[PDB]
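File shown here: protein_5.cif, holding mmCIF, C-alpha atoms.
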data_coords
#
loop_
_atom_site.label_atom_id
_atom_site.label_comp_id
_atom_site.auth_asym_id
_atom_site.auth_seq_id
_atom_site.Cartn_x
_atom_site.Cartn_y
_atom_site.Cartn_z
CA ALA A 1 108.61 119.40 105.02
CA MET A 2 107.34 115.80 104.70
CA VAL A 3 103.55 115.56 104.86
CA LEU A 4 103.12 111.78 104.52
CA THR A 5 103.20 109.67 107.72
CA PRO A 6 104.49 106.09 107.85
CA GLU A 7 100.85 104.94 108.19
CA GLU A 8 99.88 106.68 104.95
CA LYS A 9 102.89 105.17 103.17
CA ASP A 10 101.96 101.73 104.57
CA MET A 11 98.43 102.13 103.20
CA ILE A 12 99.90 103.00 99.78
CA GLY A 13 101.78 99.71 99.77
CA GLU A 14 98.84 97.67 101.00
CA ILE A 15 96.21 99.06 98.63
CA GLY A 16 98.86 99.00 95.89
CA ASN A 17 99.32 95.25 96.34
CA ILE A 18 95.57 94.73 96.07
CA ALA A 19 94.69 97.19 93.32
CA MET A 20 97.76 96.70 91.11
CA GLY A 21 97.57 93.03 92.00
CA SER A 22 94.07 92.99 90.53
CA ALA A 23 95.42 94.72 87.41
CA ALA A 24 97.99 91.90 87.18
CA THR A 25 95.33 89.19 87.41
CA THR A 26 93.26 90.52 84.49
CA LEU A 27 96.49 91.03 82.56
CA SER A 28 97.36 87.44 83.40
CA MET A 29 93.93 86.36 82.18
CA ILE A 30 94.43 88.11 78.83
CA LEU A 31 97.87 86.48 78.48
CA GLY A 32 98.45 82.83 79.34
CA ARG A 33 101.11 83.56 81.94
CA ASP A 34 101.17 83.98 85.70
CA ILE A 35 101.88 87.54 86.77
CA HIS A 36 102.74 88.73 90.25
CA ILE A 37 103.24 92.24 91.56
CA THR A 38 104.93 93.62 94.68
CA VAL A 39 105.48 97.15 96.07
CA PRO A 40 109.05 97.37 97.48
CA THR A 41 109.19 101.16 97.68
CA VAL A 42 107.05 104.20 98.58
CA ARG A 43 108.89 107.53 98.46
CA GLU A 44 107.71 111.04 99.29
CA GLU A 45 109.05 113.66 96.91
CA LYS A 46 108.67 117.38 96.19
CA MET A 47 107.03 117.88 92.77
CA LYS A 48 110.04 119.84 91.48
CA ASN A 49 112.31 116.83 91.94
CA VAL A 50 110.19 114.12 90.29
CA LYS A 51 111.56 114.53 86.75
CA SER A 52 115.15 114.11 87.99
CA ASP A 53 114.20 110.66 89.34
CA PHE A 54 113.83 109.27 85.81
CA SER A 55 116.22 109.33 82.86
CA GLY A 56 116.07 108.48 79.17
CA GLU A 57 113.04 108.38 76.89
CA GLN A 58 110.12 106.70 78.67
CA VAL A 59 106.38 106.10 78.44
CA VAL A 60 104.02 107.86 80.83
CA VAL A 61 100.46 106.60 81.12
CA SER A 62 98.14 108.91 83.01
CA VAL A 63 94.56 108.66 84.16
CA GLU A 64 92.31 111.34 85.67
CA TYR A 65 90.30 110.49 88.79
CA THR A 66 86.72 111.71 89.11
CA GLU A 67 84.02 111.63 91.86
CA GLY A 68 85.30 109.98 95.02
CA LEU A 69 88.87 110.93 94.20
CA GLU A 70 90.14 113.85 92.12
CA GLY A 71 93.60 114.04 90.68
CA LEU A 72 96.17 112.83 88.22
CA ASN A 73 97.52 109.27 88.42
CA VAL A 74 100.71 108.69 86.44
CA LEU A 75 102.47 105.46 85.47
CA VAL A 76 106.07 105.60 84.25
CA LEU A 77 107.30 102.66 82.17
CA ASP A 78 110.65 102.33 80.42
CA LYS A 79 111.04 101.55 76.71
CA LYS A 80 112.16 97.98 77.43
CA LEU A 81 109.14 97.14 79.59
CA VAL A 82 106.80 98.75 77.08
CA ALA A 83 108.32 96.63 74.29
CA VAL A 84 108.00 93.42 76.33
CA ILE A 85 104.34 94.09 77.07
CA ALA A 86 103.53 95.12 73.49
CA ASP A 87 105.14 91.95 72.10
CA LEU A 88 103.13 89.91 74.63
CA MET A 89 99.83 91.59 73.67
CA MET A 90 100.63 90.93 70.00
CA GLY A 91 101.15 87.20 70.52
CA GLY A 92 104.90 86.97 71.16
CA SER A 93 106.95 85.43 73.97
CA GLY A 94 107.92 88.82 75.39
CA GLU A 95 111.64 88.10 75.18
CA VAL A 96 112.68 90.74 72.65
CA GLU A 97 115.82 92.89 72.52
CA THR A 98 114.93 96.42 71.43
CA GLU A 99 113.58 99.76 72.64
CA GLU A 100 111.97 100.50 69.28
CA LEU A 101 108.32 101.41 69.57
CA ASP A 102 105.67 102.60 67.16
CA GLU A 103 102.00 103.59 67.09
CA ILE A 104 101.00 99.91 66.78
CA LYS A 105 103.01 98.79 69.82
CA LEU A 106 101.86 101.87 71.74
CA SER A 107 98.33 100.94 70.75
CA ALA A 108 98.76 97.45 72.24
CA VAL A 109 100.20 98.75 75.52
CA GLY A 110 97.35 101.25 75.71
CA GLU A 111 94.84 98.39 75.62
CA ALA A 112 96.75 96.53 78.32
CA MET A 113 96.84 99.75 80.37
CA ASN A 114 93.11 100.18 79.72
CA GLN A 115 92.28 96.79 81.23
CA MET A 116 94.80 97.08 84.07
CA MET A 117 94.01 100.48 85.54
CA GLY A 118 90.31 99.79 85.05
CA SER A 119 90.73 96.87 87.43
CA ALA A 120 92.91 98.92 89.80
CA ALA A 121 90.25 101.62 90.06
CA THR A 122 87.53 98.99 90.49
CA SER A 123 89.55 97.24 93.21
CA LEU A 124 90.27 100.58 94.87
CA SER A 125 86.60 101.58 94.77
CA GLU A 126 85.48 98.36 96.46
CA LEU A 127 88.37 98.66 98.92
CA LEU A 128 87.61 102.25 100.00
CA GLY A 129 83.83 101.92 99.80
CA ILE A 130 83.42 104.68 97.25
CA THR A 131 82.89 104.88 93.48
CA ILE A 132 85.93 106.16 91.63
CA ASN A 133 85.80 106.90 87.91
CA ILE A 134 88.75 107.14 85.51
CA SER A 135 89.24 108.84 82.16
CA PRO A 136 90.62 106.66 79.34
CA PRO A 137 94.41 106.24 79.87
CA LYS A 138 96.49 108.68 77.81
CA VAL A 139 99.76 107.13 76.64
CA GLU A 140 102.65 109.33 75.62
CA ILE A 141 106.39 109.19 75.29
CA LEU A 142 108.35 111.68 77.39
CA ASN A 143 112.09 112.33 76.96
CA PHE A 144 113.43 112.86 80.49
CA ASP A 145 116.83 113.74 79.01
CA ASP A 146 115.29 116.76 77.24
CA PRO A 147 115.66 119.74 79.64
CA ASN A 148 112.51 121.37 78.25
CA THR A 149 110.13 118.53 79.09
CA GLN A 150 108.06 118.61 82.25
CA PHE A 151 106.64 115.73 84.27
CA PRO A 152 102.78 115.69 84.13
CA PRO A 153 101.21 118.06 86.73
CA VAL A 154 100.39 115.53 89.47
CA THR A 155 100.61 118.61 91.71
CA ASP A 156 100.20 122.27 90.68
CA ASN A 157 103.17 123.71 92.64
CA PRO A 158 106.85 122.63 92.68
CA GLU A 159 106.87 122.70 96.50
CA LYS A 160 103.84 120.44 97.00
CA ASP A 161 104.56 116.79 97.69
CA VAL A 162 103.97 113.62 95.77
CA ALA A 163 104.34 109.88 96.35
CA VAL A 164 106.48 107.80 94.01
CA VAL A 165 105.45 104.16 94.26
CA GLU A 166 107.64 101.34 92.95
CA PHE A 167 106.06 98.17 91.57
CA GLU A 168 108.02 94.99 90.93
CA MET A 169 106.50 92.79 88.22
CA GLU A 170 107.25 89.11 87.63
CA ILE A 171 105.92 87.57 84.43
CA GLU A 172 106.28 83.81 83.98
CA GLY A 173 109.38 82.86 82.01
CA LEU A 174 110.72 86.42 81.80
CA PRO A 175 113.12 88.47 83.97
CA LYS A 176 111.79 90.76 86.75
CA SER A 177 110.84 94.27 85.67
CA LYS A 178 109.63 97.42 87.39
CA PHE A 179 107.62 100.58 86.83
CA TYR A 180 106.55 103.60 88.85
CA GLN A 181 103.41 105.39 89.86
CA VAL A 182 103.25 108.97 91.08
CA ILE A 183 100.21 110.45 92.82
CA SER A 184 99.87 113.67 94.80
CA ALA A 185 100.22 113.62 98.58
CA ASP A 186 96.85 115.42 98.48
CA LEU A 187 95.24 112.34 96.94
CA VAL A 188 97.02 110.03 99.43
CA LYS A 189 95.66 112.01 102.41
CA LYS A 190 92.20 111.79 100.82
CA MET A 191 92.52 108.00 100.39
CA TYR A 192 93.64 107.81 104.03
CA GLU A 193 90.43 109.50 105.24
CA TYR A 194 88.36 106.83 103.50
CA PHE A 195 90.78 104.11 104.63
CA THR A 196 90.89 104.99 108.33
CA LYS A 197 87.12 105.29 108.59
CA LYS A 198 86.70 101.59 107.84
CA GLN A 199 89.75 100.40 109.80
CA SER A 200 87.81 101.79 112.78
CA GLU A 201 84.71 99.83 111.79
CA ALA A 202 86.19 96.63 113.28
#

Taking this structure as input, can you express it in the form of structure tokens?
Amino acid sequence: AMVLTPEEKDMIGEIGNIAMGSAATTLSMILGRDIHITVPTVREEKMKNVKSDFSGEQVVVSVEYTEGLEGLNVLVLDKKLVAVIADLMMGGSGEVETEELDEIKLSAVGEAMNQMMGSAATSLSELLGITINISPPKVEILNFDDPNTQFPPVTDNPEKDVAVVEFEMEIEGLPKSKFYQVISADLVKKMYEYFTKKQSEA
């Protein structure tokens, strides 16, 4: 049933700290605050159960991997986090109290996402020793409470597995926040082939 080994999950956490950590550093450079990221959780999940893991209206940012890696990479951020980041990108302190979002705020988070995932892919490419290209990040709002909505096709079959990665983000002067990433187990196995090859090259 479960295709991902503890080693593969451990790699996810390790490369996640480096790649997403790189995304945090550029983000930190854009803003004038220190930003740290950690990966407390890595969960294997059947594709059919992913949507039930999230609730409420949220923002999903996806990027398509090309040459080196092929697949969908999805980021799931809640309205509150999106609003905090948007306010920050627009000059504010980030300490707002609302879930209200518009095309302008969504435009500001899209730029932040642009810079972040660009760094993540760059960090990942250097890490795995292979060039990985990404399509421009598509930002959209998905209502998980709407029974008709479907989580983006990270996998093409409800019985194929996926990895749901949890990231904890600490921005200076603001309360801890978190977001999630979901990639196919297919992609993870592929990253592991590249990863193990150079762990052997001691």

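Candidate residues A:140, A:146, A:7, A:170 were compared for distance to residue 75 in chain A, and the nearest is A:140, using only C-alpha atoms.
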
- Selection under test: the PyMOL selection byres ((chain A and resi 86-89) around 12); residues as a PyMOL selection string: chain A and resi 27-33+79-85+90-113+115+171-174

Proximity of range 77-172 of chain A to range 16-23 of chain A: per-residue shortest pair, 6 Å limit, all atoms listed in the file, as a Markdown table:
| residue | atom | partner | partner_atom | distance |
| --- | --- | --- | --- | --- |
| A:116 | CA | A:23 | CA | 4.1 |
| A:119 | CA | A:23 | CA | 5.2 |
| A:120 | CA | A:19 | CA | 4.3 |
| A:123 | CA | A:19 | CA | 5.1 |
| A:124 | CA | A:19 | CA | 5.8 |

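CA of residue 132 in chain A is positioned 21.5 Å from CA of residue 76 in chain A.
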
- With distances taken over all atoms listed in the file, which of A:165, A:128, A:37, A:4 is nearest to residue 194 in chain A?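 Nearest candidate to residue 194 in chain A out of A:165, A:128, A:37, A:4: A:128.
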
- Note on the structure: Using only C-alpha atoms, the best pick from A:25, A:114, A:155, A:149 as closest to residue 63 in chain A would be A:114
